[PDB]
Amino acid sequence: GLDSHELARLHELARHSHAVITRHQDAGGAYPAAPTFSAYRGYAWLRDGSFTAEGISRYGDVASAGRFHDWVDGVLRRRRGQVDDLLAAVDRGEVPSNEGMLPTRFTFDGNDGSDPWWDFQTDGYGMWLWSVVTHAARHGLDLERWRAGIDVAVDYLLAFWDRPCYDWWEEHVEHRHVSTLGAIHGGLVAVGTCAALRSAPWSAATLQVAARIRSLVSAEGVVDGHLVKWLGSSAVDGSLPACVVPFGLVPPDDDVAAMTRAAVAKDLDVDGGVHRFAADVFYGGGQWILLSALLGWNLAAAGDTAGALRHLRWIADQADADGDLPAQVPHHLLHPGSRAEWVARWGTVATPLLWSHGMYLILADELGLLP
């Protein structure tokens, strides 16, 4: 579905995507989120990093992806005692506050980069489990390399999956977000169905909790046939297709999958560029490369190759003169009057955003376009 002109450009953007991710990977293995965006400089996220790692693993750079998993594993093993203490606190009936939870931002040396009172999230731990299992399966690797870190993440998620937290976008701490629940589900199903992990003490528990997540989403996370942004809401969020592919709450051909793709397209997709959510004022609420890629991936998986390609083309059209992909673009803004102040305070939008490049690699690979 691509001519020679398009193929050349898409192949080049794939090569550049691999290059810019690997050039910016920290010495210790972490992928930074956004090396030139002042507010994020020096920090790594498990969400961004796990999708980045999946793109790199699909591209075939086993060494780079493995170094990311090494970094995460080591960071998590260092939290073995913190997690054990949180679990013991729960067992005494003294549930920890958000201020005591595992962090969202990490420094490259594995310390808290931010205060979880203000940004407590559980999604990234679920994404990492999904990512590392998927990588090991793809490349025939022994998960014992990363197992002790996996154990920390699993124990943490089994205890805290049902807790309110901020969404992927750092909003609404009191709610339970369907794409967060979905990320956790994806990680738990990945480890619970992994033959290499068949004897883990938590093996059965992971699938039972994944079923509990699905029960909660069925009860409170589906309205008018589609997934919703958080339990008990009616609106959609652009992250929701991740609950289909890769996180697997429902198959791509499920009615809820189809209705969710359609709702996101109708409510949030403008000309191929997907918005996060209707109230988004962050930089005026622009169009996010990673969300267009996510929707495209989901369309490809459902057999809508043309729709996938349309989103791939839109993403490629957002690359700058160096091939770098921003977090978002302002071609359509949900709340235009809010943009300027973000630019004034934090500078221009993060470019490159490594996660944008990682998602581009995933979608390109789904469409058979990695050279």
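All residue numbers are counted from 1 along the displayed sequence.
Comparing 85-93 with 287-295, the stretch with the higher mean C-alpha B-factor in the PDB entry is 85-93. Mean CA temperature factor is higher for 278-286 when stretches 201-209 and 278-286 are set side by side in the entry.
The entry assigns its greatest Cα B factor, within the set 66, 42, 55, 49, to 42. Ranked against the other modelled residues of its chain, the C-alpha B-factor of residue 241 as given in the entry falls in the middle third. Split the chain's modelled residues into thirds by C-alpha temperature factor. Residue 231 is in the lowest one. The PDB entry assigns residue 73 a C-alpha temperature factor belonging to the lowest third of its chain's modelled residues. In the PDB entry, a CA B factor belonging to the lowest third of its chain's modelled residues is recorded for residue 187. Remark: residue 270 belongs to the highest third of its chain, ranked by C-alpha B-factor as recorded.
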